[PDB]
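One-based numbering, in listed order, for ligands and for the atoms of each. Numbering of residues begins at 1 and proceeds along the displayed sequence.
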Amino acid sequence: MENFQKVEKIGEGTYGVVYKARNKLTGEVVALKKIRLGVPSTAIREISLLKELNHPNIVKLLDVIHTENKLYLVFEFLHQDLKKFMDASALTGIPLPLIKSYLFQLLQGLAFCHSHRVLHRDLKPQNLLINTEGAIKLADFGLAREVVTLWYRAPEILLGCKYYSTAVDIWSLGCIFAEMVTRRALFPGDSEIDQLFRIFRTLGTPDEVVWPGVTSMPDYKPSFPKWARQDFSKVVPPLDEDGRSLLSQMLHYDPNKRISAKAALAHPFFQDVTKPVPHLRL
Ligand SMILES: NS(=O)(=O)c1ccc(N/N=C2\C(=O)Nc3ccc(C(=O)NCCc4c[nH]cn4)cc32)cc1
């Protein structure tokens with residue numbers, strides 16, 4: 001760890017603190033994450049697998065430094081997160097071609113991870129990183145295998161499913177897609193039940209018709225209030241019918257009906273996809 005010079009604190013997650021740092025051996029500027037824990041053998045093997053999960057839309061894990069019961073992860077550095085970009089673009093809105101490019105790129109990243117049976121599990125604007133070239137990348141990946149944000153949590157997680165699928169990441173990305181379009185979080189819950197009830201108030205209380213097996217889920221309660229579903233024309237205006245159709249498939253209640261990342265890439269919404277350059281003030 002004497003090989004790195006800290007520049008500034010760039011964030012704090014559930015695992016630990018992230019610093020921008022300079023590698024005294026290569027001159028490289030990196031993101032250094034100190035994992036708060038010595039380190040379990042199961043974690044070392046899993047994190048070593050992530051070093052090989054390389055894709056242009058996945059923040060590169062450069063090195064795993066396991067020294068003196070402490071664990072450090074050395075990552076590729078990107079200059080801004082989607083959260084700051086969305087806040088900076090709030091008066092005007094992110095242009096639809098850039099939203100489309102970012103969604104397409106993230107679906108490429110998820111299609112890759114999911115093909116390797118790797119789930120993110122905690123997608124949110126804060127772990128989506130962007131650069132000046134128009135790229136967007138997924139950070140803080142297969143690490144799951146301040147108050148924690150519930151806004152992007154899939155309903156099967158909230159209802160107590162222990163063995164959830166790659167569909168949880170599609171749900172989170174659908175929530176982020178809606179937020180980029182409307183400039184407001186889709187489901188800003190501040191408790192697990194407020195999160196669930198916000199989802200139910202918009203998409204309708206799920207039942208055995210739309211989600212077979214839902215009433216047998218661990219945290220499902222027959223006493224849940226029964227709300228009627230709302231139109232997507234009301235939920236994400238002024239998004240066009242291609243975008244609303246894709247969003248509806250990413251937000252299906254039944255994880256088995258929810259669109260995969262691979263099928264989403266073929267959706268007619270991406271017929272005119274391009275790669276614009278964002279206006280980044282760094
Ligand atoms: N706000 S900002 O637009 O000025 C701005 C600028 C640069 C950056 N970079 N972050 C990173 C980077 O380059 N590689 C990374 C690899 C992994 C992680 C990661 O594990 N994150 C979870 C913990 C967390 C951090 N932040 C909130 N939770 C982060 C980064 C982030 C935000």
Checklist entry - Purely on distance, is any nitrogen or oxygen of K33 under 3.5 Å from one on ligand 1? => result yes
Checklist entry - Would a hydrophobic clustering, with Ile, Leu, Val, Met, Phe, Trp and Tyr connected at side-chain separations under 4.5 Å, put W227 with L158? => result yes
Checklist entry - For the side chain of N57 and the backbone of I136, is there at least one donor-acceptor N/O pair under 3.5 Å apart? => result yes
Checklist outcome for this item: Quick note on ligand 1: atoms under 4.0 Å from a heavy atom of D140 include exactly 19 (C), 20 (O), 22 (C)
Item to check | Residue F77 vicinity, atoms of ligand 1 by number, heavy atom under 4.0 Å | outcome: 13 (O)
Item to check | Element-labelled atoms of ligand 1 that are located less than 4.0 Å from some non-hydrogen atom of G11 | outcome: 25 (C), 26 (N)
Item to check | Min heavy-atom dist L129 to ligand 1 below 4.0 Å | outcome: yes
Checklist entry - Just wondering, do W171 and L123 contact through their side chains at under 4.5 Å, heavy atoms? => result no
Next on the checklist: If only side-chain N and O atoms count, and only distance matters, is there a donor-acceptor pair under 3.5 Å linking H120 with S172?
Outcome noted: no
Checklist entry - Within the distance-only criterion (no hydrogens, no angle test), does the side chain of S115 pair as donor or acceptor with the backbone N or O of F112 below 3.5 angstrom? => result yes
Checklist entry - Is any N or O atom of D81, backbone or side chain, closer than 3.5 Å to an N or O atom of ligand 1? => result yes
Checklist entry - Does ligand 1 have a heavy atom under 4.0 Å from the side chain of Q80, from its backbone, from both, or from neither? => result both
Next on the checklist: Please confirm whether the ring centroid of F224 lies under 6.0 Å from the ring centroid of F197.
Outcome noted: yes
Checklist entry - Quick one: does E76 get an N or O within less than 3.5 Å of an N or O on ligand 1? => result yes
Item to check | Ring-ring centroid check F187 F200, cutoff 6.0 Å | outcome: no
Next on the checklist: Suppose I only count heavy atoms of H79 and a 4.0 Å limit; which atoms of ligand 1 are within that range?
Outcome noted: 6 (C), 7 (C)
Next on the checklist: Looking only at distances, can you tell me whether any N or O atom of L78, backbone or side chain, sits closer than 3.5 Å to an N or O atom of ligand 1?
Outcome noted: yes
